Amino acid sequence: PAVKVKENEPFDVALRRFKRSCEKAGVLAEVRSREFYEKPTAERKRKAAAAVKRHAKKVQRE
Amino acid sequence: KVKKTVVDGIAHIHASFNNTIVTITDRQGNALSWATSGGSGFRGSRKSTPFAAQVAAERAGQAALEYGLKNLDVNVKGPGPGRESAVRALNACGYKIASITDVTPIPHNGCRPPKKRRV
Amino acid sequence: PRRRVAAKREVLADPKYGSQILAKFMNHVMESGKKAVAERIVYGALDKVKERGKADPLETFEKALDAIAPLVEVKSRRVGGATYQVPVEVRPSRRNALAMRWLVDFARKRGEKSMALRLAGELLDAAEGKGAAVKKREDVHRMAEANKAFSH
RNA sequence: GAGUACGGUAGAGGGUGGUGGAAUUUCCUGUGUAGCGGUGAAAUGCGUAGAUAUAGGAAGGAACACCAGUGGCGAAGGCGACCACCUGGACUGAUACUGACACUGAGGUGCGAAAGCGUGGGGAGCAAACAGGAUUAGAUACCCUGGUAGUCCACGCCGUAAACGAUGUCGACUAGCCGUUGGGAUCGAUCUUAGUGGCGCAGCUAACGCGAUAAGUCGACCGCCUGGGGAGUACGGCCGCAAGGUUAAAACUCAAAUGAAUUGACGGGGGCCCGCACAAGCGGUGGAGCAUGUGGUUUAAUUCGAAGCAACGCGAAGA
Ligand SMILES: [Mg+2]
Ligand SMILES: [Mg+2]
Ligand SMILES: [Mg+2]
Ligand SMILES: [Mg+2]
Ligand SMILES: [Mg+2]
Ligand SMILES: [Mg+2]
Ligand SMILES: [Mg+2]
Ligand SMILES: [Mg+2]
Ligand SMILES: [Mg+2]
Ligand SMILES: [Mg+2]
Ligand SMILES: [Mg+2]
Ligand SMILES: [Mg+2]
Ligand SMILES: [Mg+2]
Ligand SMILES: [Mg+2]
Ligand SMILES: [Mg+2]
Ligand SMILES: [Mg+2]
Ligand SMILES: [Mg+2]
Ligand SMILES: [Mg+2]
Ligand SMILES: [Mg+2]
Ligand SMILES: [Mg+2]
Ligand SMILES: [Mg+2]
Ligand SMILES: [Mg+2]
Ligand SMILES: [Mg+2]
Ligand SMILES: [Mg+2]
Ligand SMILES: [Mg+2]
Ligand SMILES: [Mg+2]
Ligand SMILES: [Mg+2]
Ligand SMILES: [Mg+2]
Ligand SMILES: [Mg+2]
Ligand SMILES: [Mg+2]
Ligand SMILES: [Mg+2]
Ligand SMILES: [Mg+2]
Ligand SMILES: [Mg+2]
Ligand SMILES: [Mg+2]
Ligand SMILES: [Mg+2]
Ligand SMILES: [Mg+2]
Ligand SMILES: [Mg+2]
Ligand SMILES: [Mg+2]
Ligand SMILES: [Mg+2]
Ligand SMILES: [Mg+2]
Ligand SMILES: [Mg+2]
């Protein structure tokens, strides 16, 4: 979210740190997940699909 | 024919998908100079590109350099492209980037968003 | 093609001047397989350049070529919903052929006595850049600059 | 078998109040000036009667990010901010107690998403109807800008859903392996319960597939089916304020309708690969005159045949 500039750091660590902090906070994900109303049927459907894919991926290692 | 000086201001980036708006104020939030990607002469899909953001941010910074402004707190708001392009555009103008923050509003539950597009 | 197996046959058949770029200009200016006519036309233009400019025509031709060689060009792309043009830098080899093609094409339509003095006028004009070929190269460049929003 | 008494465990189970933070909108005020918004690209719309952005203040309504999980609770429908009060059930351990007090259940009785209806409040966002702008041959649609009922609250009604695991309730048996939510024991390991998931032996099935959460082996009781349309419609009865719900035919008409799987074909499905198929270049046709073939028209006859690529300087390498 916020970034600190110190020790006359070059203007390359600043942007990289800002991007890393932003993706850690996941601001883009949350703002993308709210541009349209997403009904509870689609909620449960998407979560069930995510669950089945996650379990398949976990099993596939063995 | 009115003149005043200011040092260590704050610059706002409003980067939506369609357009990005750059403005400069003091710590008190009084407008000094602003520039828009629509005003930079793009008028279309190009208006969304990060290059238009760079052009608008540098134009606004060069307009605001008349007041001095040896220090800037730049804060960004919006998920559109050019989120970081305007930062480098302002750094090209010859300011001191004191800090960079995001003020993207995130409702906890809030109002419900509009209906889903069927395209 | 789809293989990338096509070879690159090398042709360097300068008769007396012994220049490589001159040979490719010969191949460009040749029409209907008339090599001798191309030889006479290019050598007449070269001799006019010599009798006009005190500088040797080799370097005059070279500096005309280097002042008409472009650096970037605009190329259309099918985005799937819009008609977009993106600027791309020239391959180092392609710019020579582009300059040769532009020079010969603009020289073909002067309207004066013959292509000897036509190519002479074009070489003198492009030596410092007052020819129509240089103007159209600048127009292509300014297309590429005005379409920089895409860039990539 | 069923139930009672006693300590604990977990939980968006239910009801009545109170209180939080993020955000949107609206209003007021300061700075500031020419755009904002939206799209595939636009336009409608909002702006110099000073907008968008930006800073401060105020009002109000609604939903409760992150935790969050093949996670939990509930008869089902369903239930996520935090706290207090009232309240149902389930798991878990030992002892004591009652001594078949059980299962199912036609009728009946209640609970029952959303939309809808009645009376009275409330109204930020969204948004049927509706207005305008686009797209289009048309566009009473998809897209854009606005926008009323409604969505929220109290009380009452309505009785329906792909109300679904498309699988009635209860009980007993039948190889195993990997998770996970509560709780116990014995020494991170082993065992044992009540749920919730993934595979799989027998067995079953038309096949798909099910497989201790059976669709296997069996018992007890209930509900329902008898070719496709007509039709879950008509008439009658009973409910409802209305919308309508429920019970429920016949004439007539057809020789089929249907389920699962197989081969091919196809797709404005996907992944690789190839070809002057594109791209990179050169040169042409379509404009002129003429030659030649064909179509049409005319003629007494313009002799027959060839007709998307795969007919048209073709049978005809000589009217
Ligand atoms: Mg929208
Ligand atoms: Mg404002
Ligand atoms: Mg405010
Ligand atoms: Mg449920
Ligand atoms: Mg309702
Ligand atoms: Mg209603
Ligand atoms: Mg009502
Ligand atoms: Mg009312
Ligand atoms: Mg409203
Ligand atoms: Mg609309
Ligand atoms: Mg609206
Ligand atoms: Mg509205
Ligand atoms: Mg009505
Ligand atoms: Mg209510
Ligand atoms: Mg349900
Ligand atoms: Mg059923
Ligand atoms: Mg059926
Ligand atoms: Mg049942
Ligand atoms: Mg059963
Ligand atoms: Mg029972
Ligand atoms: Mg049972
Ligand atoms: Mg049992
Ligand atoms: Mg199995
Ligand atoms: Mg069966
Ligand atoms: Mg069967
Ligand atoms: Mg029996
Ligand atoms: Mg029986
Ligand atoms: Mg039985
Ligand atoms: Mg029948
Ligand atoms: Mg019949
Ligand atoms: Mg019948
Ligand atoms: Mg009826
Ligand atoms: Mg009848
Ligand atoms: Mg009736
Ligand atoms: Mg079939
Ligand atoms: Mg196909
Ligand atoms: Mg091509
Ligand atoms: Mg012709
Ligand atoms: Mg013609
Ligand atoms: Mg014929
Ligand atoms: Mg031929």
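All heavy atoms count here, side chains included; hydrogens, waters and symmetry mates do not. Residue numbers begin at 1 in each chain, while the letters A, B, ... track the order of the sequences.
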### Task
Please indicate whether C:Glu89 has more than 12 foreign heavy atoms, meaning atoms of other residues, nucleotides or ligands, lying under 6.0 Å from its CD.
no
### Query
Is the shortest distance from a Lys or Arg side-chain nitrogen in C:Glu128 or C:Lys130 to a carboxylate oxygen in the other one below 4.0 Å?
yes
Practice prompt. Give a yes or no on whether A:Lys58 atom NZ has more than 12 heavy-atom contacts from other residues, nucleotides or ligands under 6.0 Å away.
Written response: no
**Item:** Path from C:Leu124 to C:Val104 over hydrophobic side-chain contacts below 4.5 Å
**Value:** yes
(message) If we ignore hydrogens and angles and just use 3.5 Å, is the side chain of C:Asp14 paired with the main-chain N or O of C:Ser19 as donor and acceptor?
(response) yes
Rounding to 0.5 Å, atoms NZ (A:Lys47) and CZ (A:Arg54) come to a distance of 9.5 Å
Exercise. Give a yes or no on whether the backbone of B:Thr36 and the side-chain of B:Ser40 come within a donor-acceptor separation of less than 3.5 Å.
Key: yes
- Apply salt bridge (charged side-chain N to carboxylate O under 4.0 Å, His left out) to the pair B:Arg88 and B:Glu84, showing each step before the final yes or no. CA-CA 7 Å; B:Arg88 275 198 254 102; B:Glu84 61 86 20; 2.8 Å; yes
For B:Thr101 and A:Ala2 the tightest heavy-atom approach is CG2-CB, 3.7 Å
So C:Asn96 and C:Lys24, do their side chains get closer than 4.5 Å, heavy atoms only? no
Exercise. Inspect the surroundings of CZ in C:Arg52 and state if more than 12 heavy atoms from other residues, nucleotides or ligands are less than 6.0 Å away.
Key: no
- prompt: Step by step, would you call C:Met143 with C:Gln85 a side chain to side chain contact (heavy atoms under 4.5 Å, CB included)?
  reply: CA-CA 9 Å; C:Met143 295 298 103; C:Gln85 309 152 1; 6.0 Å; no
Does CZ belonging to A:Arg61 count more than 12 external heavy atoms closer than 6.0 Å? yes
request  = Count the heavy atoms of every other residue, nucleotide or ligand shown that sit under 6.0 Å from CD of B:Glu66, and state whether that count exceeds 12.
outcome  = no
task: Please check if atom NZ in A:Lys57 has more than 12 non-hydrogen atoms from other residues, nucleotides or ligands closer than 6.0 Å.
output: no
- [ ] Could you tell me whether C:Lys48 and C:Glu51 have a side-chain N and a carboxylate O separated by less than 4.0 Å?
- [x] no
Q. Tell me, do C:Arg78 and C:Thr83 make a side-chain contact under 4.5 Å, heavy atoms counted?
A. yes
Practice item. Report the relative orientation of the aromatic rings in C:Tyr84 and C:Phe150; use parallel for angles under 30°, tilted for 30 to 60°, perpendicular for over 60°. Key: tilted
Would you confirm whether B:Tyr95, through its side chain, and B:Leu65, through its main-chain N or O, come within 3.5 Å as a donor-acceptor pair? yes
Report task. Decide, yes or no, whether a salt bridge links A:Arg32 with A:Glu35 under the criterion of side-chain N to carboxylate O below 4.0 Å. Result -> no
For the CZ atom on A:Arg46, are there more than 12 heavy atoms of other groups (residues, nucleotides or ligands in this structure) within a distance under 6.0 Å? yes
- Query: Are B:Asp8 and B:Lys96 within salt-bridge range, i.e. N to O under 4.0 Å?
  - Reply: no
What verdict does the ring pair (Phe, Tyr, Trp, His ring centres under 6.0 Å) test give for C:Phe61 and C:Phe25, after you've listed the backbone C-alpha separation in whole Å, the side-chain angles of each residue and the deciding distance to 0.1 Å? CA-CA 11 Å; C:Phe61 188 81; C:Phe25 197 90; 5.3 Å; yes
| Side chain of B:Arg83, backbone of B:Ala15: donor and acceptor closer than 3.5 Å? | no
| Quick one: do B:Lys77 and B:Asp102 make a salt bridge, cutoff under 4.0 Å? | no
| said: With a 4.5 Å cut-off on side-chain heavy atoms, are C:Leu22 and C:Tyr43 touching? | reply: yes
Of all heavy-atom pairs linking C:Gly44 and C:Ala116, the shortest is C-CB, 4.1 Å
In this structure, would B:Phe17 and B:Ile13 fall into the same cluster of hydrophobic residues linked by side-chain contacts under 4.5 Å?
no
Could you check whether B:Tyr67 and B:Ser33, counting side-chain N and O atoms only, form a donor-acceptor pair closer than 3.5 Å? no
### Note: C:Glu59-C:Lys63 ion pair, threshold 4.0 Å (strictly below)
no
Check: B:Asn18 main-chain N/O paired with B:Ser48 side-chain donor or acceptor under 3.5 Å = yes
Salt bridge between A:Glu23 and A:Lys19, side-chain N to carboxylate O under 4.0 Å?
-> no
